[PDB]
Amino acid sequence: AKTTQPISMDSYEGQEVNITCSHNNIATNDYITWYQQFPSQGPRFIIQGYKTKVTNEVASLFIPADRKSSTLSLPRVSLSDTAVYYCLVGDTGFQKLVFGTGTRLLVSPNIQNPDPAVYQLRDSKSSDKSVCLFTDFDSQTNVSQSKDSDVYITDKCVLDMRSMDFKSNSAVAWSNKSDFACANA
């Protein structure tokens, strides 16, 4: 059958996330299987169930009595859990277990000490070639889109220093054109 899932979800790290899958026209013949797809790789099976509740290392699966829906309860979420989660229902055959538009779960970190600043970095070869860095900004801070074709701004990215237990969002911006300074909106 064809399933319907939320297109995307938002969450904070350490939160129990519940992804509800709606599959009303399910049968006595079908089974419930869930997958997890990280960026730049293929999906991976994580949990399955029929009637009874299932719990493993990765997640838990809640299936009500009517079996018209199923909830994927991921535990304490980490940023490494930011992935697409697919919901598939079907029988033991190979007849079009279609991978619908999965739930792009986003786990944003919690930064209670944001110090938004812009610094300049210089190459170890040519000092004229420099780059701007916008880091230590809030998770709910929307990074700027480039309004110039000669100025490039990368999408924001989060890094985790697992020794200091410190996380910080960062963005990179540079311009090959001469006479440029780190000025942003």
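Don't overthink the numbering: it's just position in the shown sequence, from 1.
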Assert higher mean C-alpha B factor (61-69 or 145-153, deposited values) equals 145-153
Once you work out the mean C-alpha B-factor for both 175-183 and 3-11 from the entry, which is higher?
175-183
Residue, from 82, 103, 113, 92, that the PDB entry assigns the highest Cα B-factor
113
Highest recorded C-alpha temperature factor, please, choosing from 130, 37, 55, 29.
130
Lowest, middle or highest third: which one holds residue 45 when the chain's residues are ordered by CA B-factor from the entry?
lowest
B-factor third for the C-alpha atom of residue 161 within its chain
middle
Among the chain's modelled residues, which third holds the C-alpha B-factor of residue 88?
middle
